[PDB]
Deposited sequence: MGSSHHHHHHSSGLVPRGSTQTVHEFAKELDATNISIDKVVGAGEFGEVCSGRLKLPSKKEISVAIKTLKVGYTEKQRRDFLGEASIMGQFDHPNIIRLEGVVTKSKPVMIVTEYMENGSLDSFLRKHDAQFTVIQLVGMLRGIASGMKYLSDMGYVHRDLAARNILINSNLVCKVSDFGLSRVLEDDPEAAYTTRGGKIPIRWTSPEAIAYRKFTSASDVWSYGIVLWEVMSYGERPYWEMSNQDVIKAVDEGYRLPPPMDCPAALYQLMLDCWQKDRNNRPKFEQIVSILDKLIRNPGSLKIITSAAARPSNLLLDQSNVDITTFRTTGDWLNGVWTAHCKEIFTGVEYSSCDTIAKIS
């Protein structure tokens, strides 16, 4: 674990607020003093008191993975505290929290270009993740964090693996026989793209799991979010191709969004499951 995660000294960490509760213990905010004396805001995940040895391994397991990525669109690990208690994972602070809950508070309040900027960041981070040989397997708006400048970053590597499961975000073939590839992450990205353009609407609403699985398999797809640019809806559909080999690669997705960011006059054509 200390291969990719530097041990931090607890005296350099101030805790200034309990901000949430994770799968493993509280999540807080605070500050970290770096060796250069610079002070930065950080998110701090704590491991619950009474943790079993297993929980400790899983908890720090996420840090070992996170510590492998250094990219502007992947949550940055600052380090871990293990030589004292509570055990902690320290990451950069994202002032605007989870992307889905953020967008829900701002229904229709952003411009197409702003939403596309968010989406470009996510794709860029996923491009790097897939470049590194990892499948995320849990790519969803709730696992994207957004900072004070609207920069979006991939997080939560709990289910991530080198090359249970959230049914709504998982590709047909991964649901069918656990075929997880980068192309199954591209499927998830398509769902994320839908979440963004829908400002945090839940994928497939409250349909039963059984029906989500069946409908998608039969070729049904989420419908165009209100006022969704045709270009972006078609990108969802491309991400949701039945043949995984026909989905774009994250590199192509980045390229597509980069173009849309340029001529927003592309975005002027505007568009129950669709067959």
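Trainee: Can you list the gaps, in order, where the deposited sequence has no modelled residues?
Mentor: The deposited sequence has unmodelled segments at 1-22, 186-198, 307-313, 318-361.
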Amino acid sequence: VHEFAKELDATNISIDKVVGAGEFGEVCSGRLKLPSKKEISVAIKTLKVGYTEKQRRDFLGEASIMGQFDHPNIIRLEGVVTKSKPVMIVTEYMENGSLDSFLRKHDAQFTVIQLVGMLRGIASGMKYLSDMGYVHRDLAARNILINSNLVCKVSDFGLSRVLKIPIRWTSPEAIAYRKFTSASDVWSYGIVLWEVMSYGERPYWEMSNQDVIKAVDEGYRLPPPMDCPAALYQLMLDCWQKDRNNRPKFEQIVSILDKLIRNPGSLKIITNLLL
From here on, numbers count along this sequence of modelled residues.
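Rigid core here is just the name for the largest C-alpha set that superposes within 1.5 Å across the two forms.
Trainee: Find the stretch among 256-264 and 19-27 with the larger RMS C-alpha deviation in 7 other deposited structures of this protein, all structures being superposed on the shown form by the rigid core.
Mentor: When 256-264 and 19-27 are compared in 7 other deposited structures of this protein, the bigger C-alpha shift is seen for 19-27.
Trainee: After superposing on the rigid core, which of 45-53 and 238-246 has its C-alpha atoms sitting farther from this form in 7 other deposited structures of this protein?
Mentor: Of the two stretches, the larger average C-alpha offset in 7 other deposited structures of this protein falls on 45-53.
Trainee: Check this for me: in at least a third of the other entries compared, is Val162 absent while its neighbours are modelled?
Mentor: Counting only entries that model residues on both sides, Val162 is unresolved in at least a third of them.
Trainee: When the C-alpha temperature factors are averaged for each of 147-155 and 164-172, which stretch ends up with the higher value in the entry?
Mentor: Result of the comparison: 164-172.
Trainee: Between 189-197 and 90-98, which has the higher average C-alpha B-factor in the PDB entry?
Mentor: Here the higher of the two C-alpha B-factor means belongs to 90-98.
Trainee: So if I compare the CA B-factors in the entry for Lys37, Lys249, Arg221, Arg56, which one is the largest?
Mentor: Comparing C-alpha B-factors across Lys37, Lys249, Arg221, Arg56, the top value belongs to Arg56.
Trainee: Looking at the C-alpha B-factor values in the deposited entry, which of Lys127, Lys83, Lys179, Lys105 comes out highest?
Mentor: So the option with the highest C-alpha B-factor is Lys83.
Trainee: Considering only modelled residues of the same chain, in which third does the CA B-factor of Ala231 rank: lowest, middle or highest?
Mentor: CA B-factor rank for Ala231: middle third.
Trainee: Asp238: which third of its chain by C-alpha temperature factor?
Mentor: As the PDB entry reports it, the C-alpha B-factor of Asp238 lands in the lowest third of its chain.
Trainee: Sorting the chain's CA B-factors, does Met207 end up in the lowest, middle or highest third?
Mentor: Top third by C-alpha B-factor.
Trainee: Sorting the chain's modelled residues by C-alpha B-factor, tell me whether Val49 ends up in the lowest, middle or highest third.
Mentor: Highest third - that is where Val49 ends up once the chain's C-alpha B-factors are sorted.
Trainee: Compare the C-alpha B factor of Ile213 with those of the other modelled residues in its chain, then answer lowest, middle or highest third.
Mentor: Answer is middle: the recorded C-alpha B-factor places it there.
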